[PDB]
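A.B. asks: Let me begin by handing over the structure; questions about it come next.
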Amino acid sequence: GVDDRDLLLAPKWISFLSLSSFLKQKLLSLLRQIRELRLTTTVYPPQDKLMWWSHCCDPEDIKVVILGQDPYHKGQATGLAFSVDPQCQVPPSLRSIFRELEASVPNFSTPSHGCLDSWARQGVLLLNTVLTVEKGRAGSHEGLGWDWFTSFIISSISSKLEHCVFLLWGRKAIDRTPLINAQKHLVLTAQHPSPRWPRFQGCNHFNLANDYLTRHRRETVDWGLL
């Protein structure tokens, strides 16, 4: 009943997630609502980038899941959490991320661009918990219906893979904790990187992720490859 291409997800992710006909409908209805909203408002990112994160990663090659809130809201959003097009300045959140890598990861030097696609090809999944935002208004799609979808993805990665690392940054990312199997994975939590939980400055998530990865005979992430 559902043309799987209307789901926008790469097909490796369709089979991995193996959404029921019901959940595919639920997703299609949300996608339709977003389209209708685009007639009155500007929504970021473009419709064709909402699932960009599925096109960069085969789901089995995931090593690290990084989870954000909602997309950048002033043009910068690419479809990958925290990443920016080369047309745009590195926003405060990514500058702060780089500052932590600069301070913590040997030979990391801060790039003049904010493109995180290199992390994606090394098996870092850069996921927002809410995949859209109205231009200008931060958090403005918070209760529109993305949450079941991103929660479903996090659960499936946790159930289907072994020994991934999840870096959960800020309250909404951290809410997904109960979905991740404590006997198989590592979760590291911090306060959100933009200026209750541990401070982001000093969290050392990047070296800790790699420590865990190397320990499970998996290949590290080269965070400085950008």
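Chain labels follow the order of the structure tokens: the first chain is A, the next B, and so on; residue numbering restarts at 1 in every chain, and ligands are counted from 1 in their shown order.
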Name all residues at most 8 Å from residue 123 of chain A (count only C-alpha atoms; drop same-chain ones fewer than 2 positions away) and give them as a ChimeraX atom specification.
C.D. replies: /A:57,61-64,119-121,125,221
A.B. asks: Could you pull out all residues of segment 13-220 of chain A with a DSSP call of alpha helix (DSSP H) and give them as an MDAnalysis selection string?
C.D. replies: chainID A and resid 13:17 21:37 52:56 92:104 117:121 147:160 171:174 205:215
A.B. asks: Could you give me, as a Markdown table, a per-residue list for segment 38-78 of chain A showing, wherever an atom lies at most 9 Å from an atom of segment 88-110 of chain A, the closest pair of atoms and their distance in Å to one decimal, using only C-alpha atoms and sorting by chain then residue number from low to high?
C.D. replies:
| residue | atom | partner | partner_atom | distance |
| --- | --- | --- | --- | --- |
| A:72 | CA | A:91 | CA | 8.7 |
| A:75 | CA | A:88 | CA | 8.0 |
| A:76 | CA | A:88 | CA | 6.1 |
A.B. asks: Given only C-alpha atoms, how would the per-residue table for segment 20-81 of chain A near segment 175-179 of chain A read, listing every residue at most 12 Å away with its closest atom pair and distance in Å to one decimal, sorted by chain and number, as JSON lines?
C.D. replies:
{"residue": "A:65", "atom": "CA", "partner": "A:176", "partner_atom": "CA", "distance": 12.0}
{"residue": "A:66", "atom": "CA", "partner": "A:176", "partner_atom": "CA", "distance": 11.9}
{"residue": "A:67", "atom": "CA", "partner": "A:176", "partner_atom": "CA", "distance": 9.5}
{"residue": "A:68", "atom": "CA", "partner": "A:176", "partner_atom": "CA", "distance": 11.3}
{"residue": "A:69", "atom": "CA", "partner": "A:175", "partner_atom": "CA", "distance": 10.9}
A.B. asks: Those selected residues, please, written with N, CA and C atoms and delivered as a short mmCIF file (atom, residue, chain, number, x, y, z; two decimals), in the first residue's frame.
C.D. replies:
data_model
loop_
_atom_site.label_atom_id
_atom_site.label_comp_id
_atom_site.auth_asym_id
_atom_site.auth_seq_id
_atom_site.Cartn_x
_atom_site.Cartn_y
_atom_site.Cartn_z
N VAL A 65 26.17 7.07 18.03
CA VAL A 65 24.98 7.81 17.74
C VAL A 65 25.12 9.07 18.53
N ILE A 66 25.07 10.22 17.85
CA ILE A 66 25.01 11.50 18.51
C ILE A 66 23.62 12.03 18.27
N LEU A 67 23.01 12.53 19.33
CA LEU A 67 21.63 12.93 19.30
C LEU A 67 21.48 14.40 19.71
N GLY A 68 20.87 15.21 18.85
CA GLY A 68 20.54 16.61 19.15
C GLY A 68 19.08 16.82 19.43
N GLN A 69 18.70 18.09 19.57
CA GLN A 69 17.31 18.49 19.81
C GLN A 69 16.49 18.61 18.50
#
A.B. asks: As JSON, numbers by chain, please: the residues near residue 41 of chain A (cut-off 10 Å, only C-alpha atoms, same-chain neighbours under 6 positions excluded).
C.D. replies: {"A": [34, 35, 134, 135]}
A.B. asks: Which residues in segment 60-194 of chain A does DSSP call strand (DSSP E)? List them as a list in words.
C.D. replies: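 These are the residues in question: residues 64, 65, 66, 67, 68, 124, 125, 126, 127, 128, 133, 134, 165, 166, 167, 168, 169, 186, 187, 188, 189 and 190 of chain A.
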A.B. asks: Export N, CA and C atoms of the chosen residues as a PDB file, in the first residue's frame?
C.D. replies:
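Result file again11.pdb:
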ATOM      1  N   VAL A  64      28.805   5.119  16.644  1.00  0.00           N
ATOM      2  CA  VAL A  64      28.408   6.153  17.596  1.00  0.00           C
ATOM      3  C   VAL A  64      27.115   6.835  17.115  1.00  0.00           C
ATOM      4  N   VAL A  65      26.170   7.067  18.031  1.00  0.00           N
ATOM      5  CA  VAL A  65      24.981   7.813  17.742  1.00  0.00           C
ATOM      6  C   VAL A  65      25.115   9.071  18.530  1.00  0.00           C
ATOM      7  N   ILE A  66      25.074  10.218  17.846  1.00  0.00           N
ATOM      8  CA  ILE A  66      25.005  11.504  18.510  1.00  0.00           C
ATOM      9  C   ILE A  66      23.625  12.032  18.268  1.00  0.00           C
ATOM     10  N   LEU A  67      23.007  12.531  19.330  1.00  0.00           N
ATOM     11  CA  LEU A  67      21.632  12.934  19.299  1.00  0.00           C
ATOM     12  C   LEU A  67      21.482  14.403  19.711  1.00  0.00           C
ATOM     13  N   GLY A  68      20.869  15.209  18.849  1.00  0.00           N
ATOM     14  CA  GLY A  68      20.543  16.607  19.152  1.00  0.00           C
ATOM     15  C   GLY A  68      19.077  16.818  19.427  1.00  0.00           C
ATOM     16  N   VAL A 124      29.401   7.532  12.437  1.00  0.00           N
ATOM     17  CA  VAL A 124      28.755   8.365  13.420  1.00  0.00           C
ATOM     18  C   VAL A 124      27.409   8.833  12.864  1.00  0.00           C
ATOM     19  N   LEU A 125      26.317   8.435  13.513  1.00  0.00           N
ATOM     20  CA  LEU A 125      24.959   8.865  13.164  1.00  0.00           C
ATOM     21  C   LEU A 125      24.589  10.132  13.914  1.00  0.00           C
ATOM     22  N   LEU A 126      24.327  11.179  13.145  1.00  0.00           N
ATOM     23  CA  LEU A 126      24.080  12.506  13.661  1.00  0.00           C
ATOM     24  C   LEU A 126      22.574  12.713  13.473  1.00  0.00           C
ATOM     25  N   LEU A 127      21.829  12.554  14.567  1.00  0.00           N
ATOM     26  CA  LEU A 127      20.373  12.470  14.582  1.00  0.00           C
ATOM     27  C   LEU A 127      19.848  13.591  15.474  1.00  0.00           C
ATOM     28  N   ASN A 128      18.826  14.298  14.997  1.00  0.00           N
ATOM     29  CA  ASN A 128      18.061  15.272  15.781  1.00  0.00           C
ATOM     30  C   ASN A 128      16.859  14.486  16.291  1.00  0.00           C
ATOM     31  N   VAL A 133      12.008  22.356  11.991  1.00  0.00           N
ATOM     32  CA  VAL A 133      11.848  23.610  12.753  1.00  0.00           C
ATOM     33  C   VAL A 133      11.307  24.714  11.822  1.00  0.00           C
ATOM     34  N   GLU A 134      10.409  25.559  12.329  1.00  0.00           N
ATOM     35  CA  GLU A 134       9.977  26.751  11.598  1.00  0.00           C
ATOM     36  C   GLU A 134      11.105  27.787  11.647  1.00  0.00           C
ATOM     37  N   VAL A 165      28.019   3.250  20.927  1.00  0.00           N
ATOM     38  CA  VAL A 165      28.068   4.328  21.868  1.00  0.00           C
ATOM     39  C   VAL A 165      27.048   5.390  21.513  1.00  0.00           C
ATOM     40  N   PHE A 166      26.285   5.821  22.503  1.00  0.00           N
ATOM     41  CA  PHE A 166      25.314   6.873  22.335  1.00  0.00           C
ATOM     42  C   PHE A 166      25.737   8.073  23.153  1.00  0.00           C
ATOM     43  N   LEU A 167      25.941   9.205  22.498  1.00  0.00           N
ATOM     44  CA  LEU A 167      26.227  10.470  23.147  1.00  0.00           C
ATOM     45  C   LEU A 167      24.976  11.326  23.138  1.00  0.00           C
ATOM     46  N   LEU A 168      24.439  11.594  24.313  1.00  0.00           N
ATOM     47  CA  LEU A 168      23.120  12.185  24.421  1.00  0.00           C
ATOM     48  C   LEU A 168      23.351  13.508  25.061  1.00  0.00           C
ATOM     49  N   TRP A 169      22.999  14.591  24.350  1.00  0.00           N
ATOM     50  CA  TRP A 169      23.391  15.929  24.758  1.00  0.00           C
ATOM     51  C   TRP A 169      22.202  16.838  24.976  1.00  0.00           C
ATOM     52  N   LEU A 186      27.161   1.543  25.437  1.00  0.00           N
ATOM     53  CA  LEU A 186      27.554   2.638  26.267  1.00  0.00           C
ATOM     54  C   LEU A 186      26.737   3.876  25.967  1.00  0.00           C
ATOM     55  N   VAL A 187      26.305   4.563  27.022  1.00  0.00           N
ATOM     56  CA  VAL A 187      25.654   5.871  26.907  1.00  0.00           C
ATOM     57  C   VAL A 187      26.458   6.842  27.744  1.00  0.00           C
ATOM     58  N   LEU A 188      26.722   7.999  27.154  1.00  0.00           N
ATOM     59  CA  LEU A 188      27.386   9.076  27.814  1.00  0.00           C
ATOM     60  C   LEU A 188      26.501  10.306  27.668  1.00  0.00           C
ATOM     61  N   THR A 189      26.221  10.955  28.784  1.00  0.00           N
ATOM     62  CA  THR A 189      25.270  12.059  28.800  1.00  0.00           C
ATOM     63  C   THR A 189      26.028  13.335  29.122  1.00  0.00           C
ATOM     64  N   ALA A 190      25.644  14.445  28.509  1.00  0.00           N
ATOM     65  CA  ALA A 190      26.075  15.736  29.017  1.00  0.00           C
ATOM     66  C   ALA A 190      25.027  16.824  28.806  1.00  0.00           C
TER      67      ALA A 190
END
A.B. asks: Counting only C-alpha atoms, which of A:146, A:53, A:44, A:200 gets nearest to residue 10 of chain A?
C.D. replies: A:53
A.B. asks: Looking at only C-alpha atoms, which of A:144, A:202, A:225, A:196 is the one that sits closest to residue 111 of chain A?
C.D. replies: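 Checking each of A:144, A:202, A:225, A:196 against residue 111 of chain A, counting only C-alpha atoms, the winner is A:225.
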A.B. asks: Would you compute the distance between atom CA of residue 223 of chain A and atom CA of residue 118 of chain A? Give it in Å to one decimal.
C.D. replies: 8.5 Å
